[PDB]
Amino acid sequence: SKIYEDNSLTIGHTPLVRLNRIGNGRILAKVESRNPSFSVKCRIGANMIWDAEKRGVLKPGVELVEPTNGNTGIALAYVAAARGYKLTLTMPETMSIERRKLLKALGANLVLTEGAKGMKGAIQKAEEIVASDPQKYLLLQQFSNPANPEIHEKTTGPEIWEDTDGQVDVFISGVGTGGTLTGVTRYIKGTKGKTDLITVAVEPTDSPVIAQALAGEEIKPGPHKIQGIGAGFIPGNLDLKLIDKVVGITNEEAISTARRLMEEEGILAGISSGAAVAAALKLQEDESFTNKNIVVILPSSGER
């Protein structure tokens, strides 16, 4: 039989689709919106919780607190609802109403922080909360929790490897927490020994901290429009050593490519998905990439 005991167990097994009009026919797009909550974040929402349960830190009585409210917050709310945990989400008061209605519909307890302070406030306001009662509260922290890249090493990676029968030559991932890039690469280059896999990190041209970091330059972030990626720093879950190339994408290239994905391929993609595919197109302008099969993660449906 194949009956899932709860919605959190339905994560992954997302489809790999050949793009026929965008690129040379060798761009294979992994559609992470085919997940509960419509984004790749459901994999880590699920595993960070399962991991906490296995470690014995999450159990009856313990409750969750997260500064998140973007794709990870939604992912944590659905898993919390499905598995019976109280969840408190802190978020700058700037968030859309439908966004909070959705989180509340999922049963999350919302705590709004000073709009001007932005996410930096919610992050502070959450550590304040957990610090207030360290035993009662659990802060997961997607940027450094190993269970983040671990789920990609155990599911996303194997899926890419099996779906291409090992025929994956390049792997492109827009970096947010870095967990997808890190986990998939560890599985393919490490576990499967395909050391000639080319791992490409994608980031906004206006906040190129990975390229800065790799070049030994000072980290200087900037504002950009590619929601989901470009956090402005190097996350603990991003292993810079696994990166073979970094491609910077402009807000305009990301948006226009996301539109091409719907119009030319019938794939409803978010802006970061457009950015990742734009990176694939850039690489294909280089003759060394011409006959390589490129697997690209499309993180979410967008928001639209």
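Throughout, we count residues from 1 along the sequence that is shown.
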Report summary line: Looking only at C-alpha temperature factors in the entry, 250-258 or 27-35, the higher average sits in 250-258
**Report entry** 84-92 or 166-174, whichever carries the higher mean Cα B-factor
**Finding:** 84-92
Requested in this report: Quick one: which of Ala105, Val202, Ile188, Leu181 shows the highest Cα temperature factor in the PDB entry?
Outcome: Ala105
Query - Member of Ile151, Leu140, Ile229, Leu197 with the greatest C-alpha B factor (per the PDB record) - result: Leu140
Query raised in the report: If you rank every modelled residue in this chain by C-alpha B factor, which third holds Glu53: lowest, middle or highest?
Result: middle
Requested in this report: Please place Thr290 in the lowest, middle or highest third of its chain by C-alpha B factor as given in the entry.
Outcome: highest
Query raised in the report: How does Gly61 rank on Cα B-factor within its chain, lowest, middle or highest third?
Result: highest
Query raised in the report: What third of the chain, by the recorded C-alpha B-factor, contains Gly266?
Result: middle
Query - CA B-factor ranking of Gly274, expressed as a third of its chain - result: lowest
